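Quick notes on the structure that follows.
The following block contains the structure:
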């Protein structure tokens, strides 16, 4: 019969495979529009007719063969689909899927297409990535090689559409939890893949080592989208955990690496090029690269601040007012009582209508710029015990467990809690410092262990011997941490049986981490949380996670500056000649090193900012004066260096030459958490 006369529908399908047609949008668009209706009901009808099925015997609901299914999606790889044809071909395929006996055919055809297509790429990609950095700077590239990447009738767009539709089939509607992400991995795995991904790394790192008039590293934009589509749902979370050692070599073997260990190992060897694409087209964070947000480590500081700015709240309508008449001698309390509840939600929408006592409008408006600075200077208010100047050093302020004495400290925290956000709400650089532990209370992170050594040797010395050498249950040291409560020093049971349970070789980490947590978390932290409550109220926790505990300081205090000569001369060497000749090349590269690169380094050995003045010979820490002295320590000679801001101990395991020490120091400064922190 051929079904041509026994079913009207097949007539239309017979159109699809006619060269005379399918070279136009309207014809394809209109035919797809028509098919959108029958298939919509066709899927509904049979699926909706279980017991009262008296309609299939009337219309003869067709049966779908091999060529009944392949024909619908044979055009998704055609040279005519626009961004209207696809948006309906996808819906056609989805609606048709619900009919029995199709999903297997769909998947088999899709993987066949994938294997068919991902073989011309490598035959061509090798051609391109072998050209970059092979002629000169100032020359051009034979368009024919680029002619295969530029036209919308390329191959990449197909390699993106195919994966898009696979996801949509296994994504659209249904339940994400009900999904079966596991098998999704296999389908791409069944695809040959591999070489294409691995052969791409030799093209996305071939622009950082050359220059060209064409340059334009955006040509390989399509793929990179797909390479993120593959990882879009795999885990992209908790797989980043690595570090341990500094590799100091690329290699980039990407044969298979399954499809869940392809995300984080990739995107690291290529960080310079990736970063220098957002700063040229900042709109590339709401689409193609939208996923990178879940990899904070891979985004430098500058792009992060901008991406934070535009998204922040650019939807308001000016600020009505803020009639506050502080006399400039009370400030803090006058505002704590005058701002009462100035539309907390829209409290941001209030300009500072403040004059010192009788002054006028000069040097433009917003002269309160200094008002905040003096506020910060007056925020500490040494008379009040709301904080402590970090007994370890006056340069910073401390949670000050004795902050509960102040009768009305509660409302005060919210004021400064939201006021600090106001400076963040604007572009200000008020000076403030609270040391790493205080910052970590904001960003979701547990307390650190090594901080005790430098933050407060007192209790670390109580455990300095313990955790090594003498940690053999020789001492008892019943569990639970010493408790100060302005009275009876009753050691409060950390665990349910802290007093009864001893800190044996088994109860090591729990007791140690909770004792450390008690100092930094069981303190006025609850009262200081009031400072966070307003800050959290003003800005959501998710809105700040893009940064880390280390860079929140730089957000608060303007990017600090630093010279070279003072740090070059005001130095000290212990069993060392200031270097092995390796720090020397880094000593020169410090000028090459970015201010952020330099600035972060100071935080590693001090963690306070606030350039000490006097030429770095003024190193007032715990002893009032210090001089950071490099130490050899006869460590592993390849392990990452270390230091202690208590006295700027500093360290340098003997390295060899360029690359090794350079990147080791780079990682150390970028290490932040999991190094001198939690670890």
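Numbering (the UniProt record's numbering), first residue to last: 2590 to 3268.
Using N, Cα and C, we set each Cβ at its ideal position, and we do this for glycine too.
Would you say residue i and residue j are within 9 Å of each other, going by their C-beta atoms?
i	j	result
residue 3101	residue 3044	no
residue 3097	residue 3266	no
residue 2748	residue 2703	yes
residue 2570	residue 2698	Because the chain spans 2590 through 3268 in this model, residue 2570 falls outside it and cannot be assessed.
residue 3209	residue 2984	yes
residue 3000	residue 2975	no
residue 3021	residue 3146	yes
residue 2824	residue 2849	yes
residue 3218	residue 3237	yes
residue 3188	residue 3198	yes
residue 3229	residue 3264	yes
residue 3105	residue 3037	yes
residue 2786	residue 2816	yes
residue 2938	residue 2967	no
residue 2614	residue 2673	yes
Do you know offhand how far residue i's Cα is from residue j's?
i	j	result
residue 2713	residue 2795	16 Å
residue 2761	residue 2650	25 Å
residue 2627	residue 2874	39 Å
residue 2669	residue 2745	15 Å
residue 3128	residue 2620	50 Å
residue 3159	residue 3173	16 Å
residue 2695	residue 2820	22 Å
residue 2933	residue 2942	17 Å
residue 2950	residue 3169	59 Å
residue 3116	residue 3080	21 Å
residue 3171	residue 2840	24 Å
residue 3138	residue 2720	43 Å
residue 3091	residue 3060	13 Å
residue 2735	residue 2806	12 Å
residue 2926	residue 3076	33 Å
residue 3135	residue 3254	23 Å
residue 3155	residue 3010	34 Å
residue 2930	residue 3099	43 Å
residue 2989	residue 3201	23 Å
residue 2729	residue 2739	15 Å
residue 3109	residue 3055	20 Å
residue 3211	residue 3191	17 Å
Can you find the residues in the same chain that come closer than 6 Å, C-beta to C-beta, to residue i, ignoring five residues on each side of it along the sequence?
i	result
residue 2629	2684
residue 3221	3164, 3165
residue 3062	3093, 3094
residue 3016	none
residue 2799	2721, 2722
residue 2864	2889
residue 2852	2820, 2825
Taking 7 Å as the limit between beta carbons, can you name the residues of its chain near residue i, skipping five residues before and five after?
i	result
residue 2687	2632, 2636
residue 2917	2945, 2946
residue 2972	none
residue 3012	2961, 3019
residue 2690	2653
residue 2638	2644, 2645
Who are the near neighbours of residue i in its chain, counting only those whose CB is closer than 8 Å to its CB and skipping five residues on each side?
i	result
residue 3133	3031, 3032, 3141
residue 2861	2797
residue 3103	3070, 3083, 3084
residue 2665	2675, 2678, 2747, 2750, 2751, 2754
Relative to the alpha-carbon of residue i, which residue among the options has its alpha-carbon at the smallest distance?
i	options	result
residue 3026	2752, 2609, 2987, 3002	2987
residue 3035	3262, 2601, 2675, 2730	3262
residue 2995	2783, 3008, 2970, 2939	2970
residue 2981	2930, 3215, 2766	3215
residue 2726	2771, 2792, 2693, 2804	2804
residue 3113	3149, 3126, 3074, 3148	3074
residue 2770	2822, 3223, 2673, 3048	2822
residue 2886	2829, 2922, 2732, 2835	2829
residue 3194	3233, 2617, 2717	3233
residue 2731	3161, 2802, 2700, 2646	2802
residue 3088	3078, 3107, 2591, 3067	3067
residue 2737	2715, 2728, 2724, 3041	2715
residue 2838	3260, 3258, 2959, 3249	3249
residue 2965	2955, 2997, 2920, 2656	2920
residue 3144	2641, 2733, 3224, 2894	2894
residue 2625	2602, 2639, 3149, 2645	2602
Is residue i near the ligand ZN - that is, is its Cβ less than 8 Å away from at least one heavy atom of it?
i	result
residue 3024	For the ligand ZN, the structure offers nothing, since it holds no ligand at all.
### Query
Counting pairs of beta carbons, one from the segment 2701–2709 and one from the segment 2803–2815, are three or more of them closer than 8 Å?
Contact between the segment 2701–2709 and the segment 2803–2815 is absent: fewer than three C-beta pairs spanning the two stretches fall below 8 Å.
### Message
Below 8 Å, how does it come out for the segment 2907–2923 and the segment 2887–2899: are there three or more Cβ pairs, yes or no?
### Response
With a cut-off of 8 Å, the segment 2887–2899 and the segment 2907–2923 do not count as touching, because too few Cβ pairs lie within range.
### Query
Taking three-plus beta-carbon pairs below 8 Å as touching, is the segment 3110–3124 in contact with the segment 3241–3256?
Put simply, the segment 3110–3124 does not touch the segment 3241–3256. Fewer than three CB pairs are less than 8 Å apart.
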